[PDB]
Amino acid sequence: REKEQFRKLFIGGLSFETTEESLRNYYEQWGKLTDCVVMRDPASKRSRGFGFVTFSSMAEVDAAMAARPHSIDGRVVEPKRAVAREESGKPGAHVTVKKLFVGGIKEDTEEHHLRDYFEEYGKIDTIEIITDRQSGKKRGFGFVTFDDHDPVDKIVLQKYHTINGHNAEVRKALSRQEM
């Protein structure tokens, strides 16, 4: 079995009517849930409008996310790979973006290496290898833009990736202000 963080979705924009039974019933169409929670105010027990579901495998998670959009109790819900509590509060931790920064790729990594590595995670719209305008030389990083945010969210659960023989690193692409 895989790490729990890799099996967990945050589910945003729940109806205040949605319960753990109705959330469980819905998400159980893509696999077994080992945990299901709707967050509630501790005194009023009023729903806070989000919860989490945890599948028995990451393949189940992927199967659910391949079947978006999701709706429960008449609301279109907003599932997202769960961001670990340690990460929450770091700059850009909860951003929703289609673009991924790939660093540590040095000077021999081309567009086609990023394509071949990343296209299993989703549909790629654009790849940009960054070069120094003056020297022409690759600067050791690039950006991969997918057609959806979910590939980016999935990829960045794992910080370190071997890419083209390098010890590469992935980050969600941020504007300078989100940084």
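Whichever C-alpha set is largest while still superposing within 1.5 Å between the two forms counts as the rigid core. In this text, residue numbers run from 1 along the sequence as written.
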{"query": "More variable segment, 49-57 or 125-133 [Cα RMS over structures in 6 other deposited structures of this protein, core-superposed]", "finding": "125-133"}
{"query": "Farther-lying stretch by C-alpha RMS in 6 other deposited structures of this protein, rigid core as reference, of 19-27 and 157-165", "finding": "157-165"}
{"query": "Between the two ranges 55-63 and 130-138, the one averaging a larger CA B factor in the entry", "finding": "130-138"}
{"query": "Comparing 78-86 with 92-100, the one whose average Cα B-factor in the PDB entry is higher", "finding": "92-100"}
{"query": "Residue selected from 149, 45, 113, 70 by maximal Cα B factor", "finding": "45"}
{"query": "Chain third (lowest, middle, highest) by recorded CA B-factor, residue given as residue 50", "finding": "lowest"}
{"query": "Third of chain Cα B-factors occupied by residue 171", "finding": "lowest"}
{"query": "Third of the chain, ranked by Cα B-factor, where residue 24 sits", "finding": "highest"}
